[PDB]
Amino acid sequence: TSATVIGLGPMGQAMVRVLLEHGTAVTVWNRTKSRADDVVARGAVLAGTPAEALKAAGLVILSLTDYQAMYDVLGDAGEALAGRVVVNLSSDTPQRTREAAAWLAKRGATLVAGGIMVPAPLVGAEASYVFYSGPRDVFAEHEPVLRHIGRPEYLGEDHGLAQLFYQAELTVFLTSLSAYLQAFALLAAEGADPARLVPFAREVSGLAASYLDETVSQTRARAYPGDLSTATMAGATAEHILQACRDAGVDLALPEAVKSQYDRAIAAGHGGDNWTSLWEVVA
């Protein structure tokens, strides 16, 4: 089989190296042509233009920073797009993903939206999985090649779905990473060693994740029993974190935001309810 990969960031390069090793014939284009040097040594073919890349295969995988990069790179391709399957594995909003399907469908191209849920060194590892959404039959046709990148997770016909799941996962992932930096900054600022927090940070992350079922259960019921923990109690800590960050001279954005959820839930009369009562503020 032949595949085209447009975008040779670490994710693009990992996908090329995987599809090559599984004996696919891979055509690449990149904005920065030099970054193709590695995958070309491994027998990827370098296209001169995006439109050239599109002509080299019926399966076109984009790994770009956002969906605007797709418009920037393919806006000029005209009839090179007709009959192509565009598998867009780029971050963007659900609404821009849905717009992109219409856009591509006017130029006679099919969108399959995806999101790869592992970093580049795990692409095509056992851990690797990818959300997909858009037309099932079209996806099914290329699933056999795409699967080398990771366990497909087909979500449905709405192109926005894979993107919604990706953005929901990355809210968890990026916000957690920011919370690690926040926790480390608070220690470092008070002269303690962030290294000493690590084992306890793992513990508390594992603990946080053990609340997922109760969060889903209570929020879908809009029922927030406060017997084990009140928004008043949790909100007090949110203020203690903010004040400790003010005292230590570290950034306030993240703890301000968390405190704001508790303050609005308390002002709204959920002081005696579970922390899940913040759903009444966030949702």
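Numbers for residues come from their place in the sequence shown, where the first is 1.
J.: With respect to the recorded C-alpha B factors, which stretch has the higher mean value, 266-274 or 20-28?
T.: The entry gives the higher C-alpha B-factor average to 20-28.
J.: Can you tell me which stretch has the higher mean Cα B-factor, 175-183 or 126-134?
T.: The deposited B-factors put 126-134 ahead on the C-alpha mean.
J.: Checking the record values for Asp72, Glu141, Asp213, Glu203, which has the greatest CA B factor?
T.: Across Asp72, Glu141, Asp213, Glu203, the entry lists the biggest C-alpha B-factor for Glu141.
J.: Going by the deposited entry, which of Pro119, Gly115, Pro94, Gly78 has the highest CA temperature factor?
T.: Result of the comparison over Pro119, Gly115, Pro94, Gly78: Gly78.
J.: Would you mind ranking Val60 by its C-alpha B-factor against the rest of the chain and naming the third, lowest, middle or highest?
T.: Tercile = highest for this residue's CA B-factor.
J.: Ranking every modelled residue in this chain by its Cα temperature factor as given in the entry, which third contains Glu52?
T.: For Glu52, whose C-alpha B-factor we compare with every modelled residue in the chain, the answer is the highest third.
J.: Pull the Cα B-factor of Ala188 out of the PDB entry and bin it into the chain's lowest, middle or highest third.
T.: It falls in the bottom third of the chain.
J.: How does the C-alpha B factor of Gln68 compare with the rest of the chain: lowest, middle or highest third?
T.: As the PDB entry reports it, the C-alpha B-factor of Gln68 lands in the middle third of its chain.
J.: C-alpha B factor of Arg42, ranked within the chain: lowest, middle or highest third?
T.: For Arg42, whose C-alpha B-factor we compare with every modelled residue in the chain, the answer is the highest third.
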